[PDB]
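>>> my complex, first installment, coordinates as in the assembly:
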Amino acid sequence: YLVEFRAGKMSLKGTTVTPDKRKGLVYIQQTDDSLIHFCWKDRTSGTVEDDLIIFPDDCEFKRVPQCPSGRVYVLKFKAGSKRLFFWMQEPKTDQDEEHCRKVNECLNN
């Protein structure tokens, strides 16, 4: 795929964001259907849980500066008020923003 890295996701349990403990990966499958597929696949069972259709400006991938860890990222949808939280499972932060940048590029193009 275009972009594929290890990152955990979070689920909105009721009214509280609860991070997942499973070792999953985030991959962007840009198909010829012009649908930027942003999907989350678990490396444990190899099951794809999340699979959305990202389009320019609609889905704004950004990092949360209000986090001490700094590995928390969020896919803020300008429509539907949807927000998906993810946390980089990368050992070093030398490629944290780099991954995000590549993601944003593919999501908007």
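Everything's here; your move. Numbers count the residues shown, from 1 in each chain, chains lettered A, B, ... in the order given.

>>> going forward, measure contacts and count neighbours with C-alpha atoms only.
OK.

>>> mind checking how far the longest strand anywhere in chain A is from the chain centre?
Identified as the longest strand of chain A according to DSSP state E is strand A:3-13. Average the C-alpha atoms of strand A:3-13, do the same for its chain, and the two points are 6 Å apart (Cα atoms, centre = their mean, to the nearest Å).

>>> cool, and stretch A:37-52?
Worked out by Cα atoms, centre = their mean, stretch A:37-52 lies 11 Å from the chain centre.

>>> which parts of that stretch are buried?
Of the residues in stretch A:37-52, those buried by neighbour count under the rule 16 or more other Cα atoms under 10 Å are A:37, A:38, A:39, A:40, A:41, A:42.

>>> next, the buried residues of the longest strand of chain A.
By neighbour count on 16+ other Cα under 10 Å, the buried set for strand A:3-13 is A:4, A:6, A:7, A:8, A:9, A:10.

>>> mind adding chain B? sequence follows:
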Amino acid sequence: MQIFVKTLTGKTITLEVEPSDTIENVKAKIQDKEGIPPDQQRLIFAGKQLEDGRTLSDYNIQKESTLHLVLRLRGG
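Let me put chain B in with the others:
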């Protein structure tokens, strides 16, 4: 109600619609203002493309919501 449809150019097109209005009609309205064929019009809302056989209420599109219109440029 009024909605804000942002195109690829970042243009925020304010369109007059109702919750009971079908997406296909929205495309027709945009074709009146812009003139772009609805067949190449792709409306997105919350990482999901809007189907022509659906209404604004189906996607829970409230008043002053931000819609997205992306033109499929397959030829290049």
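
>>> could you re-examine the buried residues of stretch A:37-52 with chain B now present?
Judged by neighbour count (16 or more other Cα atoms under 10 Å in any protein chain shown), stretch A:37-52 contains these buried residues: A:37, A:38, A:39, A:40, A:41, A:42, A:51, A:52.

>>> partner strands of the longest strand of chain A and their direction?
Sheet neighbours of strand A:3-13, with direction, are listed as strand A:16-19 (antiparallel), strand A:24-30 (antiparallel), strand A:83-88 (antiparallel) (DSSP bridges).

>>> residues of chain B that sit close to chain A?
Residues of chain B lying near chain A by Cα under 8 Å from any Cα of the partner chain: B:8, B:44-49, B:59-61, B:65-68, B:70, B:72.

>>> of those, which pair is most distant in space?
Taking Cα to Cα as the measure, the residues of chain B next to chain A span a maximum distance of 24.6 Å, between B:60 and B:72.

>>> which residue is the nearest non-sequential neighbour of residue B:64?
residue B:3 (4.7 Å; Cα to Cα, 6 or more residues apart in numbering or on different chains).

>>> with that, I have no additional questions.
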